[PDB]
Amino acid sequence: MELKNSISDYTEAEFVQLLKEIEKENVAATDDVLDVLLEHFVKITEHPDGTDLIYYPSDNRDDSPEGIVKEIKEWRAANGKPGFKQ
């Protein structure tokens, strides 16, 4: 599994791959890896809504991997924090 130190080390596609890994662990028999992926996701995005970005997408936004990416990108830009790698 890929786990990078911060949002800026990920390209959008690589971040989408972390989100697919999380999608895969949602149907895992156990939660061991899922909790690790979810803890990591929260630590690195630093988004106020945490895992809600995944389970409770806003009604005005695309409930999809790229949709989460967009959400993060915008929040970080509005706050003057480094975004995704190019």
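Note that the rigid core is defined as the largest set of C-alphas that superpose within 1.5 Å between two forms. One-based numbering along the sequence shown.
- After superposition on the rigid core, the larger root-mean-square Cα deviation in 6 other deposited structures of this protein belongs to 53-61, not to the other of 53-61 and 36-44.
- Of the two stretches examined, 54-62 and 39-47, the record assigns the greater average C-alpha temperature factor to 54-62.
- In the PDB entry, residue 21 places in the middle third of its chain by CA B-factor.
- Among all modelled residues in this chain, the alpha-carbon of residue 9 has a temperature factor (C-alpha) in the highest third.
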